[PDB]
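Notes follow once the structure below has been shown.
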Amino acid sequence: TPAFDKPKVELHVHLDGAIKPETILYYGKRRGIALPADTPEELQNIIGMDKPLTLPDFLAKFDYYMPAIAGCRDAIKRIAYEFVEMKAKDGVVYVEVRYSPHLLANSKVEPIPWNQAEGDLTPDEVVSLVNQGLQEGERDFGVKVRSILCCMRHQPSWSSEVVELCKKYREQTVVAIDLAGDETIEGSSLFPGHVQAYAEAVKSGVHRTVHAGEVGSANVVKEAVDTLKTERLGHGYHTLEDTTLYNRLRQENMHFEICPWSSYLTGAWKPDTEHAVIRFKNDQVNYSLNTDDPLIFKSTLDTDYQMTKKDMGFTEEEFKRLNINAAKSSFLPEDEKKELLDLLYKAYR
Ligand SMILES: CCCCCC[C@H]([C@H](C)O)n1cnc2c(N)ncnc21
Ligand SMILES: [Zn+2]
C-alpha cells in the first residue's frame with residue numbers, strides 16, 4: 001500500500017534515467033545496437049543497482065542504454081511521452097523533468113556522446129522532440145509537465161547553447177537551467193562557460209537549479225548559491241558541514257531537491273549517519289522528495305516515501321507539507337503556481 005496515497009509534486013528527476021527497459025530493448029533491437037541483455041527483466045537487473053558504485057561504474061550504466069535512444073527521433077519523443085505516463089501512475093500532479101539535450105544528439109554536439117556515429121539529430125531538435133512527447137503526455141495522462149535542460153560540469157562549451165535553448169523554448173515546457181555531473185571536478189562550479197550561462201539565465205529570467213552538495217563539500221554549495229545564483233539545490237546534503245551557509249539558506253527559505261533512496265544507493269549517504277533529510281524535517285526546511293533516476297535505482301516515487309515513512313518516522317502532515325513547499329518552489333509562473341497550490345490544498349485538507 002502506497003506510503004502517501006495523495007497527489008504529489010516532483011522537481012528532481014532525469015529523463016534519461018527514467019526510461020522503460022522494454023523501450024530501451026525495443027529500439028536496441030529495431031536499430032541494431034548491441035545490448036547487455038535481451039530480456040526486460042534481466043536488463044533492469046544489470047542497469048539497476050543496489051550497492052554504491054564508483055563514478056566510473058555508475059557512468060558506464062549510461063553507455064549501456066543511451067546509444068539505443070540517443071540519435072533516434074522516434075525514441076526521444078517516445079521516452080518523453082512514456083515518462084509522463086510513469087508519473088501519472090505515481091499520483092504526481094506536477095513534475096519538472098530534466099536532461100541534457102546534447103546527450104541525446106548525434107549532430108552538432110562537439111564531443112559526440114556515447115561513441116555514437118555522426119548523425120542528423122541536433123541538440124535543438126532533441127529539445128523540440130522532447131517538448132512534444134511531454135506535451136502529448138500531459139494531454140493524455142493528466143499530469144502537468146515542465147522541463148529543465150542540464151549543463152554538464154565537464155563541458156562548459158555547451159552551457160551557452162543550453163541557456164539559449166531554455167530561452168528559445170520557454171513556456172513550451174522548458175522552465176529552467178541546471179548543472180549536473182561530477183562534483184569533484186576541481187573548480188567546475190566556476191568554469192567561465194558555466195558562470196556566464198547562469199549569468200545569462202539571470203539576465204533572461206530563466207529559473208536556476210544546480211546539483212550541489214550531493215558528493216562535493218559545502219563550498220560547492222556556496223559557489224552554486226553565490227556565484228551561479230541558483231534558486232534551488234539538487235541534493236545539497238553537504239550544506240550541513242557549514243552551519244553559517246546552512247543557517248543562511250534556511251534564512252532565505254532555499255529549496256532542497258532531496259533524493260532519499262538515490263542518496264543511499266549512490267553512497268552520497270552512509271546508512272551510519274542520520275540521513276540529511278531527517279534534520280531538514282526537524283528544522284522545518286524547504287525541501288521535496290524526488291526519485292532522481294527510477295531506472296538505475298529500480299524505483300518509483302513511492303520507493304522514496306516508503307523509505308522515509310518506514311525508516312525515518314515521516315508522518316502524513318510532513319508529506320503534505322514538503323509537497324506544498326515543492327509546489328511553492330516550482331518554476332511555474334506565479335499565475336500557474338497558485339493554481340497548483342489550490343489543487344494540493346483542497347486535496348490535502
Ligand atoms: C555521469 C553522468 C553523465 C550522463 C548523465 C545523464 C543524466 C543527465 C545529466 O540528466 N543524469 C541522470 N542522472 C544523473 C545523475 N545522478 N548525475 C549526473 N547526471 C545524471
Ligand atoms: Zn539528479
Side-chain angles (χ1 to χ4, degrees), residues 12-14 16-17 47 49-64 66 98-100 102-103 110-111 113-114 148-159 162 177-199 208-246 249 254-273 275-277 280 287 290-293 295-297:
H12 196 127
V13 65
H14 300 266
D16 49 13
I47 296 184
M49 56 192 265
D50 47 39
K51 160 165 205 47
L53 257 25
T54 70
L55 177 54
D57 282 53
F58 176 73
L59 119 72
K61 301 283 201 179
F62 298 84
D63 289 288
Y64 265 161
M66 291 297 272
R98 64 185 73 185
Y99 68 97
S100 171
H102 301 73
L103 297 187
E110 178 20 62
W114 324 114
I148 305 183
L149 309 188
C150 306
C151 282
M152 302 303 298
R153 304 195 84 107
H154 72 272
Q155 287 271 14
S157 66
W158 292 346
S159 299
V162 174
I177 188 167
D178 183 30
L179 218 207
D182 190 350
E183 250 179 69
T184 65
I185 288 177
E186 177 162 43
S188 58
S189 291
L190 291 336
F191 287 171
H194 292 311
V195 41
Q196 183 184 305
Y198 268 71
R208 288 147 343 266
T209 179
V210 174
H211 277 77
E214 171 175 46
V215 27
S217 79
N219 179 265
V220 174
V221 171
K222 188 162 311 181
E223 305 180 309
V225 167
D226 304 335
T227 294
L228 272 17
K229 281 70 184 43
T230 193
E231 311 167 79
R232 282 211 243 116
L233 282 170
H235 298 298
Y237 313 132
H238 286 68
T239 297
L240 300 181
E241 301 169 343
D242 178 328
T243 48
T244 295
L245 172 51
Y246 181 47
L249 259 18
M254 167 65 61
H255 188 80
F256 299 72
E257 301 164 3
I258 297 153
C259 310
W261 188 236
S262 170
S263 68
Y264 167 94
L265 286 181
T266 66
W269 177 66
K270 43 188 126 162
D272 295 319
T273 55
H275 192 285
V277 68
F280 283 164
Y287 73 105
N290 304 263
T291 60
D292 207 4
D293 306 77
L295 180 52
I296 319 300
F297 309 126

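Basis for what follows: all heavy atoms, side chains included, without hydrogens, waters or symmetry-related copies. Position 1 is the first residue of the sequence, and the numbers go up from there.
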Inset, instruction - List the atom of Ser262, the atom of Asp292, and the distance in Å for their closest heavy-atom pair. - result: OG-OD2, 2.9 Å
Inset, instruction - Heavy atoms only: give me the nearest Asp16-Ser100 pair and the separation to one decimal. - result: OD2-N, 4.5 Å
Inset, instruction - Look at the rings of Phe58 and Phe62 and say which category their plane angle falls in: under 30° parallel, 30 to 60° tilted, over 60° perpendicular. - result: perpendicular
Legend entry - Main-chain N/O of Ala224 paired with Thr227 side-chain donor or acceptor, under 3.5 Å: no
Inset, instruction - Evaluate whether atom CD of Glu241 has more than 12 neighbouring non-hydrogen atoms of other residues, nucleotides or ligands under 6.0 angstrom away. - result: yes
Legend entry - Exercise: identify the closest heavy-atom pair between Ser159 and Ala197: O-CB, 3.4 Å
Inset, instruction - Could I get the full list of side-chain contact (heavy atoms from CB on, under 4.5 Å) partners for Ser157, not counting sequence neighbours? - result: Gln155
Inset, instruction - Sequence neighbours left out, what passes side-chain contact (heavy atoms from CB on, under 4.5 Å) with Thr273? Give chain and number order. - result: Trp269, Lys270
Legend entry - Nearest heavy atoms of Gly181 and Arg153, plus distance in Å: O-CD, 3.4 Å
Legend entry - CD on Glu110 to NE2 on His102, rounded to 0.5 Å: 10.5 Å
Legend entry - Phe297 side, atom CZ; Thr291 side, atom OG1 - distance, nearest 0.5 Å: 9.0 Å
Inset, instruction - Please tell me if the side chains of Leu53 and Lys61 come closer than 4.5 Å, counting only heavy atoms from C-beta onward. - result: yes
Inset, instruction - State, to 0.1 Å, how close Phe256 and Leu249 come at their nearest heavy-atom pair, and which atoms those are. - result: CZ-CB, 4.3 Å
Legend entry - Value rounded to 0.5 Å, distance of OG1 in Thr209 from CG in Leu233: 7.0 Å
Legend entry - salt bridge (charged side-chain N to carboxylate O under 4.0 Å, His left out): pairs with one or both residues in residues 178-197, sequence neighbours excluded: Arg98-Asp178
Inset, instruction - First locate atom CH2 of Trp114, then atom CE of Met66, and finally report the distance between them rounded to the nearest 0.5 Å. - result: 5.0 Å
Legend entry - Chi angles and distances behind the side chain to side chain contact (heavy atoms under 4.5 Å, CB included) call for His14, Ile296: CA-CA 11 Å; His14 300 266; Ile296 319 300; over 6 Å; no
Inset, instruction - Test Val195 against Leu228 for side chain to side chain contact (heavy atoms under 4.5 Å, CB included), laying out the working first. - result: CA-CA 6 Å; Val195 41; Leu228 272 17; 4.2 Å; yes
Inset, instruction - Output, in order, the C-alpha distance, side-chain angles, deciding distance and verdict of side chain to side chain contact (heavy atoms under 4.5 Å, CB included) for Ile258 and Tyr237. - result: CA-CA 8 Å; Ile258 297 153; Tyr237 313 132; 4.2 Å; yes
Inset, instruction - Answer yes or no: is there a side-chain heavy-atom contact under 4.5 Å between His194 and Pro156? - result: yes
Legend entry - Closest heavy-atom pair and its distance - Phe280, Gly236: CZ-O, 4.3 Å
Legend entry - Spacing of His12 atom NE2 and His235 atom NE2 [to the nearest 0.5 Å]: 4.0 Å
Inset, instruction - Start with the C-alpha distance between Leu103 and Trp158, add both sets of side-chain angles, then the distance that settles side chain to side chain contact (heavy atoms under 4.5 Å, CB included), and finish with yes or no. - result: CA-CA 11 Å; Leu103 297 187; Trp158 292 346; 4.1 Å; yes
Inset, instruction - Rounded to the nearest 0.5 Å, what's the gap from CG on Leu179 to OG1 on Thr230? Could you check? - result: 8.5 Å
Legend entry - Any donor-acceptor N/O pair, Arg208 side chain to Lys229 backbone, under 3.5 Å: yes
